[PDB]
Each structure stands twice: as C-alpha cells, then as structure tokens.
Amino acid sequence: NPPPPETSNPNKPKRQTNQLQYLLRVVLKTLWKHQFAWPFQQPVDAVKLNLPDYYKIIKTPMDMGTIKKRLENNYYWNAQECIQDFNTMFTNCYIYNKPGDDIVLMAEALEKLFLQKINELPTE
C-alpha cells in the first residue's frame, strides 16, 4: 500500500469558499451517510483486498476519506478542485472493475446522488 493522498500542503495557502463549505456540509455528508459509502470512506487497501495491480493501474487514487480531510484542512483551492476528486474517485472504481460488479452499481448510485446535490450549489 502506498502512502495516502496528501491532506495538507504548507506551501498551498489555506482557502475556504461558499461552495467548498457547501461541499463539506451538504454534499459530502449526504454520501458519507449513504449505505453505499463504506468502500469509499478510506483509500483502497490493496493489501487487505489482494489487489496487486490497483496502484499500478490506478495512477490517481482518491477516496472520500481523503476528500473529507482536505475540506476540513482547507486544502482545496476552490470547489472545482473538490468536485474533480469526487469524479476521480468514481472513475477509478468504474475503470478498475468490471461491468455488473456490485461496486459499480453502488458507485453509480453515489454518483447520481453527487450530481443531484451539486445542482444545488451557489457560485464561486
């Protein structure tokens, strides 16, 4: 297992935004409470899951556990940076797995929920 994605950067000035607050308050909390959140609340444990090829195949690993920390650490520069991490997290799941897999069906539901909630976003 690699080290997790960084959750802070001393050279990146901390920053907070109306949308970044909404993404932590509204968007992240919804998916984190969702029944399908559990495979995404932390980085993929390739060791525990016996996935030797994962971190060779998945070049940009991302998870909601990382996203939660970054929103709480004001690591994100703007909402768009947080949004892309969510999409990257779903994409990794989609490409690494096979069609019909349960983890795909769950990621679909979580992604439709993610998109439904960011239609309700301010502007910045």
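Just count from 1 along the sequence shown to find any residue number.
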item	value
Stretch with the higher entry mean CA B-factor, where the candidates are 80-88 and 95-103	95-103
For residue 41, the third of its chain into which the C-alpha B factor falls	lowest
Modelled-residue ranking by C-alpha temperature factor, third containing residue 33	middle
Lowest, middle or highest third - CA B-factor, residue 73	middle
Entry-reported Cα temperature factor of residue 66, expressed as the chain third it lands in	lowest
